[PDB]
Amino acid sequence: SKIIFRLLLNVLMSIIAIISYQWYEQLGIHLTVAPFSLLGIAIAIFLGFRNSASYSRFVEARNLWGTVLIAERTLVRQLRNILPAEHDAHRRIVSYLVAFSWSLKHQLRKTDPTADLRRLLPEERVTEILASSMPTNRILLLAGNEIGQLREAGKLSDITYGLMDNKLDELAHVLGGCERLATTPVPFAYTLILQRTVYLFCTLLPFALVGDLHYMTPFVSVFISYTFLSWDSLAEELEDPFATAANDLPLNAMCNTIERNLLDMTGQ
């Protein structure tokens, strides 16, 4: 919300344009409104499409996280329905699945998963997971071992193993999705072009408006400025949905909901 600084700067640019309107003819500078409508409308169209792309990206982040909840739910359900007896296996997989949620969060947030992982897994596993450059992936592999061992123990057939393997695939896609979102930002050129253009437009605007609106200039100018900046900053906040900002995803809340959901499903 550094926007209020930019709004103040606009009012200052407006009064400058008022006081210096007297010297217009003298300096030989003529500025009509029509060419600034053309520019403004274009910027609005471009901002419109840009804002759209940003929203889609935010939506995708939400979906991928939604999939974690879904896929981890059904995997646990599958475990209970196929092997209701093997509570030993349940606890191990549920922990791994809960670890995955937290590991992914920390990975995306660029924070330290050590505390959460130690809260969930034995140390032999925790140090092994943190040993991998890709810890979240390492958790999936370990979760895969449990299903694999259950198959080798003959407790799962190839079919029932396959039924569960699909859920690990689903989470692999989530990990992939999130990494792609995190590592690949919306092209820097989008923020580079638009911010330059919008800021300079808002700044130059009163100098074209002053000829027409005179004193009313500051009000009409700041209002158009507000509109364009608000739209522009919304797209900025949507672009990176894994940031810690107030407009972003409450990942902690989701990870807690996932953890509570799985522990609820095992009677813990």
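Sequential numbering from 1, following the sequence displayed.
Stretch comparison (55-63 versus 215-223) by mean CA B-factor in the PDB entry places 215-223 on top. Judged by mean Cα B factor in the deposited record, 189-197 ranks above the other of 189-197 and 147-155. For the set 176, 162, 122, 135, the maximum C-alpha B-factor listed in the entry falls on 122. In the PDB entry, a CA B factor belonging to the highest third of its chain's modelled residues is recorded for residue 126. Per the deposited record, the Cα B-factor of residue 101 falls in the lowest third when ranked against the other modelled residues of its chain.
When the CA B factors of the chain's modelled residues are split into thirds, the value for residue 107 lands in the lowest one. Looking at the C-alpha B-factors along this chain, the one for residue 70 belongs to the lowest third.
In the deposited entry, the Cα temperature factor of residue 35 places it in the middle third of its chain's modelled residues.
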